[PDB]
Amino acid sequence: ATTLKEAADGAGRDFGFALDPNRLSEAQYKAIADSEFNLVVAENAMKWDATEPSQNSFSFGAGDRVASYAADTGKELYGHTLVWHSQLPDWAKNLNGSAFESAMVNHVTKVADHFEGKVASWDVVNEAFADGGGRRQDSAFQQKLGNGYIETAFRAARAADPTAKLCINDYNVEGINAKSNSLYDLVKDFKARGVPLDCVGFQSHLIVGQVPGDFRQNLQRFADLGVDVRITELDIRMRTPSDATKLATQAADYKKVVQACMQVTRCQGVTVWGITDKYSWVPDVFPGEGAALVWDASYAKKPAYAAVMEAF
């Protein structure tokens, strides 16, 4: 296979990337985007603030731009994301109880309905759990609606789009711990009670050299629940600058993550959170860290590239 797309295709898996529509006008970006991936997700175009900036006033331009790109290039489209505490416009954080619940179901209904038949899978609820187990406390959704909002969101979504795979996504749930254990409990319950839920995504925003040794095991127990699992926002950061050893260990980490997926028959594939290091979100959140992606700031393939390819 000359490309990761070919490597992923032959393995019958998705290998996607987080698209920023505004960069399709940069020749090298588009070239890599068209050649190496078979799945695409909007980095920001499909979030609450980008879609409903004012109550009941939807803006689908950027979202449609990403969906058009997927359709024109023949890539699978992954939807990100319906319900998420971050990037919630102020009007929403300003509604209470009932009023707030209607805004939520309505937002879930419109966005899902608008992309029906285009979006194959949706991150219906993103980051619901707290690190260390339990529910996220700083979530407006949790605070105003309590524990039942997750269920409301998924039922509203299945009803607006009867065939999209509905997933719950989170980070720091890659290995067995109190957070993934709480997630495990939720899936098991939903499944048993018949709540529509089809897949579980593991963000995998990892640190170089610190890839969970029980990643495969964790993935596997979730699949056993009769649900599909996917690696959703993969990037393995390091303290900048990088160097031979760091790149070499990062390459090794990328290989481990992809192999973990390849070993669980129900792992749909992996989506990396971007294409090039120059546009990576990492430096803006984790000051001092970076060099997390498969391509450097000069669109040069890093050792991780051949790693991913060997893993598939």
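Residue numbers here begin at 1 and follow the sequence given.
Across the two stretches, 161-169 and 69-77, the PDB entry reports the greater mean Cα temperature factor for 161-169. Per the PDB record, of the two stretches 256-264 and 58-66, 256-264 carries the greater mean B-factor over its C-alpha atoms. Per the PDB entry, 212 shows the highest C-alpha temperature factor of the residues 212, 196, 117, 201.
Of the candidates 230, 155, 205, 216, the PDB record gives 216 the highest C-alpha temperature factor. Per-chain ranking of the deposited C-alpha B factor places residue 14 in the lowest third. Ranked by Cα temperature factor within the chain, residue 44 sits in the middle third according to the deposited record. Sort the modelled residues of the chain by CA B factor and residue 184 lands in the middle third.
Annotation for residue 109: C-alpha temperature factor in the middle third relative to the rest of the modelled chain, per the entry. In the deposited entry, the Cα temperature factor of residue 271 places it in the lowest third of its chain's modelled residues.
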